[PDB]
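K.L.:
The structure's right below; bear with me while I get my questions together.
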Amino acid sequence: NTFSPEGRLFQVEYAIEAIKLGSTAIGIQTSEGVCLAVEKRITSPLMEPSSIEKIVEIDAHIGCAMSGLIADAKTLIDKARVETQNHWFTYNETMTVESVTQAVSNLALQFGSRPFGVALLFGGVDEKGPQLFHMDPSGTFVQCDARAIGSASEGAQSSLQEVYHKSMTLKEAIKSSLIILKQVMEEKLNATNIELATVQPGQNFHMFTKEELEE
Amino acid sequence: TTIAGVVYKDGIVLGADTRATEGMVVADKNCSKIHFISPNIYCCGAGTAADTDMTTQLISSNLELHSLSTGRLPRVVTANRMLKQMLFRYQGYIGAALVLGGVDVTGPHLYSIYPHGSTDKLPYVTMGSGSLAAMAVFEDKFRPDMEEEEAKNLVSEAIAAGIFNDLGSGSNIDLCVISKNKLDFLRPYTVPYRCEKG
Amino acid sequence: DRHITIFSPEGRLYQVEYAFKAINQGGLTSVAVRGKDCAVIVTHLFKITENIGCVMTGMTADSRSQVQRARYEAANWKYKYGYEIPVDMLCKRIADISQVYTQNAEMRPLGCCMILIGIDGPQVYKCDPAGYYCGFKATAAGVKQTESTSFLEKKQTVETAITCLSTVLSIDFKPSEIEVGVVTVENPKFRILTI
Amino acid sequence: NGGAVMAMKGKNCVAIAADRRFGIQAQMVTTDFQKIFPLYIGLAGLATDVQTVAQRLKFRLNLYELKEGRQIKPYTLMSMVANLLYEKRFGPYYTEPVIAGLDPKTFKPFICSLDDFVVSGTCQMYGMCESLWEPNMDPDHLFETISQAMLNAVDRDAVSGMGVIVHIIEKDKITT
Amino acid sequence: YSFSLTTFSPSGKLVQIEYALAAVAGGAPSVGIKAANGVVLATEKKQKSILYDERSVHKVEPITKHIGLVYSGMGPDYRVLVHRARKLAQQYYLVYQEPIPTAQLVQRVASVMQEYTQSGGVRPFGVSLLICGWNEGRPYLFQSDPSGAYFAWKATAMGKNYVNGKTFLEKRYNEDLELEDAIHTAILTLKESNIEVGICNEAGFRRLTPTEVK
Amino acid sequence: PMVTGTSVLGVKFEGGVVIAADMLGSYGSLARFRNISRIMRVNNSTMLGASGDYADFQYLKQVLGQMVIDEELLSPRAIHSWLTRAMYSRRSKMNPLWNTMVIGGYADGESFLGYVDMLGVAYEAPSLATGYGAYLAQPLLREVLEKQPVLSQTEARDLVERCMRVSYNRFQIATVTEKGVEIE
Amino acid sequence: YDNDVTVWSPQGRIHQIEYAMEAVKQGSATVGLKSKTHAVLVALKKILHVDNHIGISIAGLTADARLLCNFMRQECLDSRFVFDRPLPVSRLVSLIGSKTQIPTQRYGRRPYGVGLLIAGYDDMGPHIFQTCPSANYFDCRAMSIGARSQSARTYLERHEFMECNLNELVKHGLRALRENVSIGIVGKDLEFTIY
Amino acid sequence: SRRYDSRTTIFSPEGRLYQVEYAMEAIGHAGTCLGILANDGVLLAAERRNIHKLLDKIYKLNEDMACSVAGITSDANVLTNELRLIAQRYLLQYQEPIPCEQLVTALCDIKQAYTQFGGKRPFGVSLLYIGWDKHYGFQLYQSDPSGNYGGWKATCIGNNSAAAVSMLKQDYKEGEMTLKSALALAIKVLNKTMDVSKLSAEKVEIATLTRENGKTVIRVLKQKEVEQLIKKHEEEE
Amino acid sequence: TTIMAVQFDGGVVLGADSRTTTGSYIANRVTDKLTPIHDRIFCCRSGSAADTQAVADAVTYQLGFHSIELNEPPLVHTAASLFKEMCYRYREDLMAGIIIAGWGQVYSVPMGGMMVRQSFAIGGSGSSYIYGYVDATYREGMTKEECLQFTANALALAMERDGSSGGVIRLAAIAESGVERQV
Amino acid sequence: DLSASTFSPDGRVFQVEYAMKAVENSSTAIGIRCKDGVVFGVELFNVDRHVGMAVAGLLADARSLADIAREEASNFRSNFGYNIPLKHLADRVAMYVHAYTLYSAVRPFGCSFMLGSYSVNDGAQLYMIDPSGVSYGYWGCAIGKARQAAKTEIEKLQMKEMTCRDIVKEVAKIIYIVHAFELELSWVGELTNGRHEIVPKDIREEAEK
């Protein structure tokens, strides 16, 4: 509410600090397909290895990875699903990722009570083909090519900076996330230490089974 | 259902009959109708007895609150003005009508008040089922310059005209004088085999 | 503490007395005298009702809100009852809504003393931002209010008021400086005297 | 539907009585249907309203009876239901309450009805009882007059009858 | 506001209410006695400037046919509290049709004064007031205070120097005393610490008539 | 609907719009107000006449004056457009206006003559005649149009001067002129 | 201490509005110039289609820009529907001042810290209107907002732009921007478009 | 504006709400009270706040249930009012008298709402519920001044609740009490808690809840009986 | 009913009859229908008495509350505009045929509710019979005295045929420095 | 003291004064009541066709009061018919200006503005409204930065019999002496027939000359 003497709001910049205690997440865009990827974020061993989740469907064509405050994310996620189905009900076309992200940005800083801490990564393959919109908790969405969100993400950002490729192949782009997630993580990545989800140009969004992840 | 009032020299003789009928059966042969809004002011009711009783209770609590507050006994016109509004607002859902009489230093006022909210002070007013029959007698007989005691001889006969001639109205006349001089309630006022046990 | 209407440890509202000090710092010095037959007021003259007037004294802006509220209630009286609101009833009601400022910490006391005059015989009511009202016999409110009250206590009605303002503010006036309002037995119509 | 509500006051004993039946249309449902709810009250008219007013009244009355252990005056109870039913003057519940019972500790009867004796209900009664009423009866008599008026008015009546209940309120005894 | 200005002190004391009790400590003395003919309530009021009026705002305001109030504390607060007390009494009369029992009006009004010790944005009522009533066979003398706590009394005192006024009332008086005789203790307990007076008896509530106060 | 005037005409003249209307505000068979002027003058030129319950004309005269007075201190097509919004909105609650108004205004070399039906139907038409001329005046307007496809200053002028003789003869002849806003 | 929107400075004005000005500076620059043929938004990639002939360029926080813009679209449709004409630009800018007005006058409600350049084609000849974080807006021959606009303004005292047409305007708009180029053109010949 | 607001719904860095802790301490200022369950009835002794001469807490929630109010008086009345309403609304639609355990949960929901939200001060008043719900027979519950409730066989609340309840820990033997033993232990503990060795009739008042001949009845003891228990106390000394 | 308003000179001269019948049964013959709503502006009424009690007084409330602030006698058309508003907003829950005058400016309000300034008017269901007498008498060049005899004789002819009007003919004279109400 | 509801002990609310300071900064407006008409000048808003306004104090807030005044004039025209008198308009808008001072949450206005109106009965009327909601009539008004500094030259003028025709130049002249200056002038006097309108451009160019 208070614009700091240095311009920008307080609670938002504190919410940006809340992301730093959120899971690392690569948001690969291959021009073939989408490859949202996120560290499992499991730390506790008797906490379930297959019931923890990080990445949710929105439509059959849009996946949605999340980071920051995990509980807060699910409100904006559920409302995103309501928006997309409402679009389907009114126009029979599915809601493109640019507007799916925009609708969620509209709700982002409506505090007249407190801002969400969530960073989001919508990935949806829409008639344009692959699209990957990052969403900041500042109510700013931005189209991306490769953005990795979360805590060790700044190193994942700069790593991505050398390896980002013109075009890209779907499987090769997946391998990029599989390698970078070992670096950003403290532990040696295991298929139960990642939850990958991918969308090939033709398919509907698929949570990736673990056996495929070891390779 | 013959209720009446007359403005005589020192005030208002209200008059009423003790009957209330549920259609064609008398349910109450001793019905109280000259309801005490206030010690100073009284209001007869006619039409539906339920509406009249309850609306009079509302104005009673209202008037007695305003006088309780100023410490000065309320004016008649005040009583009438809130009655005008109260019977207007419902727009005929309060279909019971009222004859308010009272005296304030400003002196006597007696307004018949029709249930759509017309308040008209006049020297003689009648209302109820018996009103036509009663008002012809009040017209023929009322004279301005009438004294205090002759009004007793002017409303008891007028109400009696409604007791005999009408079939909605009957029973003992009630007559309630209003003057700053004295107030008078005359509750029953004017009168015009064994099922062997064991 | 001394900012939100609440009681001090002495059982004293600070904001209320601040409002009295704001009335004193309004810089005006109203006086009214209740003659038998007339009710002089002198100072901002208002005509709350054609039969009732009053002089607010204090913050200038603040006066107008309570003037309009006084006209609202005065008019609404006749609308529900049908006779002039007595001066007592009007002062009572305006006092009752000035208390609302005090009961509520949200909103603040309007600093304007309200000297009503009008015949219900003649009436000279005072009202405070406290919500206290009382009929005086010869009120004064303002800056030199205490210095006037002595001269009132020592005590043709118009003369009482004008010599009171003259002696007490210790200044010889011009007629434009002293606005004067009279309500004679025969003239229940609020009227500025026009010395 | 409906049902009849006899009520009668002779000497300190306060009679009240009622038919125990109600009908779905013209077919009897039950030969036992309470109408006299315990200073007693007997409501008749619709069954829905009989039950609705009995519930609503006992509620409002108990809030008072806990708030003062002081037993309710009959006149105040009359006002209680009077106000309670006049609230629907736009949607009025159809039931006719006739309270009957003593004024506390003075042993003084107070009967009344609401839109000597007060009869109300679907009925037959007002013309039957009126010249039979004696202003003084021992309960032994009081039972007899009210039982005659009850049985004679109601046996004739189509939609009432088939069981009679008679409470003759007294501090000493309350016969049924 | 929406947030109450009443909050506990570290040991659980309602500081603002305690300060409201300090506001009761101010105000001109009040006194009230249940005698056996009827209660009397009386209070100091003063000429002050000698330009005042004495019939303008009595502290002794009738509430209902046979109840009255006398306040100590802030005068402005009393004017509105009385209004709600009259509201409860007239509302009770249209619903129940008997003038409301003394104990009940005191209770309901106590609840009004309790609401602000829990209600947002409002301070508690400074006024404490004797509420003297007579129904049935009994004269009732009540004390409502700023927290909405109330007590029936046989004799009680309020305002400045109630502390000694109550002491006189328990030794100079006890049991019963014919109504002016129990006014003897009023006029002489009030003396420890112009004046308005009002009495109850069974003669409609009443202000002790001015020629006879003398 | 309460007291109602009728007979409003409109039709353009090249660089102007004659609009004549009689001044009766009859209520039932009785002609209660044989004095009402139904041709409001909206803007330095444009204007509405109204033929329907007059209460609705009073409402929309003061309301259309509200819209114009507001906007002035912040075109006929726009006024008709909104007027269709007003007539329509009142129809939606089934609390219509009974007014049927012609809006003649010379806007930039073009003589817009809207017609707004009470139940919100709307169109421009060059030769408009509202009720009682919406079966009588209308062929007299057309018969000139069947022959000559446009009407001159003098043609539509005389057309209306005669057509109004074809109510009572007391009609005011409002005439938008290249300037706008005349009344005779 | 003026860390609330309502509060006024003893020193001067509301500080939140002043801090909202600095909120503008972290957003990238955008330049607005015009000729009689076409209005020219140039934005250092921010241009939006507010209307078929109006487009805003945001600077500052994006959030307030979208909030104001979602309103702008609905308001453009209001004039296009109710009166059947294109919304005149100047009126919509007057609505921006009205919507931005509420936070400054009220508590618990922060100001719209986006600075906007509302270029539009208009019937009085195209106009551009900067709207500052306070309601206040400015008719202007040419203007720049966002980061480092002061260098861009400096170029414009010597600047020809009301004479030379849209190609040459834009050639110089890029030159001004040097002091990643989205371009927003509207004119009498063509609808607003994001080059 | 809201700059004043002290929150009073806040959650503290020690992890225990402020007003709840303060509510616990308000009761220590409140005078002694105790209720004692037995297998046939449930007692509730309470001490009249001062003995003061010229003044001429237990209430009727139902005729089968009753409450003792300890922490404060002004709030207590509103609690009792809401209790009577909940109970008589339950009696309105379900047409059976409220089971007492439920009535306690309802009021404690109302209490909890004051801590949880709205920035309003909580009711600081610990209560007891003596009662005989249909489904369990006699029962006694205590309502902490934040939502809680605990079915207790004997408990004390008010000044020296700790010494008094601890005294009953060993002095209330389990599941043996005829009502006679309830009166004996009641009079003991209330005797020991005050600095007055025995207590006067203007100190104790005892609402015994007794199943009176198939119609449960609450009765405050008649003072002549209050003084036979006290007169027995003088010889118990 | 009969409301018969005429303008001129210092101020309006206008009149009304005395009866306020409900059906065929008369209730009253003494009713003053010309009753004040300001010192200058005195209302006249037709439609029902009951709807007009609710109206008019509310216009007096607003109009006398109009006057105190502006400290000028309220404009007649202002009062008449209040009648247009009150009648206009509920024309369906209302019946009112007012004829508002003031000081003279004869104004009217059809029940539907359009305030239309007449220069002479008649209202009611008894009014219609007057038309042939008013139209053939109202003349420019008539002095102030004439209107008194004109209105007073007009109404009586109206009443002869109308079985809703009778009573005593009551006339207001509202004008600068006076209201001479004869009966 | 910093919150509006609170009173500082001495007798005022300092918030209102801080809001008052805002117009003490902004440059001088100067209207002048005259033998007919009020020539507003400010080195203008059509509040109504009848009424003109010349704002001073921060402009953002000033427009909202202009729009409220336009609303106020319209509601008066509808409910009453007749074009609003300024003596009532000032009091209404000033009342709305006053409400803010009284409650903590909304802030006091920054503006102070002289609305004026020529009308037939009243003649010229020139009322200035302070952000406190204190409105008074004037014979001249000048508020802003050069607040008494302009007042000495409008004191030098003696309009009472100066025509509006001298004053249309004189406002600009006073503006030039207290003052580069962008000039604005307004005429509301009976030649303008109470149509609030800007000075005709040739006279306005002459006035700057």
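All residue numbers here begin at 1 and follow the chain in the order shown.
Heads up, the Cβ atoms here are built off N, Cα and C, so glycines get one too.
Below are the features I grabbed from Swiss-Prot:
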{"type": "MOD_RES", "residues": "E:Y1", "note": "phosphotyrosine"}
{"type": "MOD_RES", "residues": "E:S2", "note": "phosphoserine"}
{"type": "MOD_RES", "residues": "E:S9", "note": "phosphoserine"}
{"type": "MOD_RES", "residues": "E:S11", "note": "phosphoserine"}
{"type": "MOD_RES", "residues": "E:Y19", "note": "phosphotyrosine"}
{"type": "MOD_RES", "residues": "E:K65", "note": "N6-acetyllysine"}
{"type": "MOD_RES", "residues": "E:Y71", "note": "phosphotyrosine"}
{"type": "MOD_RES", "residues": "E:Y116", "note": "phosphotyrosine"}
{"type": "MOD_RES", "residues": "E:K166", "note": "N6-acetyllysine"}
K.L.:
Hey, does DSSP put E:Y71 (phosphotyrosine) in a helix, a strand, or just coil?
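P.N.:
Assignment for E:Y71 (phosphotyrosine) reads strand.
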K.L.:
Compute the C-alpha separation of E:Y71 (phosphotyrosine) from E:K65 (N6-acetyllysine), stating it in Å without decimals.
P.N.:
19
K.L.:
Quick one: among the modified residues E:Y1, E:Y19, E:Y71, E:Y116, which has the most Cβ atoms sitting within 10 Å of its own Cβ?
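P.N.:
Per the Cβ count within 10 Å, the most buried is E:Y71.
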K.L.:
Within a 10 Å radius of its Cβ, which of these modified residues (E:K65, E:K166) has the fewest neighbouring Cβ atoms?
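P.N.:
Fewest other Cβ atoms within 10 Å, among the modified residues E:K65, E:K166, is found for E:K65.
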K.L.:
Return the count of C-beta atoms lying within 10 angstroms of the C-beta of E:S11 (phosphoserine), excluding that atom itself.
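P.N.:
Excluding its own Cβ, the number within 10 Å is 10.
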K.L.:
Suppose we call a site close when its Cβ is under 8 Å from a Cβ of chain A; which of the modified residues E:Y1, E:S9, E:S11, E:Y19, E:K65, E:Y116 are close?
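P.N.:
In terms of proximity to chain A, the modified residues that count are none, since no Cβ is under 8 Å.
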K.L.:
I'd like the Cβ neighbour count for E:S2 (phosphoserine), meaning other Cβ atoms within 10 Å of its Cβ, all protein chains included.
P.N.:
12
K.L.:
What residues, ordered by sequence, lie under 8 A Cβ-to-Cβ from E:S9 (phosphoserine) and sit at least six positions away in the same chain?
P.N.:
E:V15
K.L.:
Please report the distance from the Cα of E:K166 (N6-acetyllysine) to the Cα of E:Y19 (phosphotyrosine), rounded to the nearest angstrom.
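P.N.:
So the alpha carbons of E:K166 (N6-acetyllysine) and E:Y19 (phosphotyrosine) sit roughly 21 Å from each other.
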K.L.:
Measure from the Cα of E:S11 (phosphoserine) to the Cα of every one of the modified residues E:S2, E:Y19, E:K65, E:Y116, then give the nearest.
P.N.:
E:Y19
K.L.:
By CA-CA distance, flag whichever of E:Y19, E:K65, E:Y116 among the modified residues is nearest to E:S2 (phosphoserine).
P.N.:
E:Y116
K.L.:
DSSP secondary structure for E:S9 (phosphoserine), reduced to helix/strand/coil, please.
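P.N.:
Coil, per DSSP.
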K.L.:
From the Cα of E:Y116 (phosphotyrosine) across to the Cα of E:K65 (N6-acetyllysine), what is the distance in angstrom?
P.N.:
28
K.L.:
If one measures from the C-alpha of E:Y19 (phosphotyrosine) to the C-alpha of E:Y116 (phosphotyrosine), what distance in angstrom results, rounded to a whole number?
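P.N.:
With the alpha carbons as reference points, the distance is 14 Å.
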K.L.:
Provide, as an integer number of angstrom, the distance between the C-alpha atoms of E:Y1 (phosphotyrosine) and E:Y116 (phosphotyrosine).
P.N.:
13
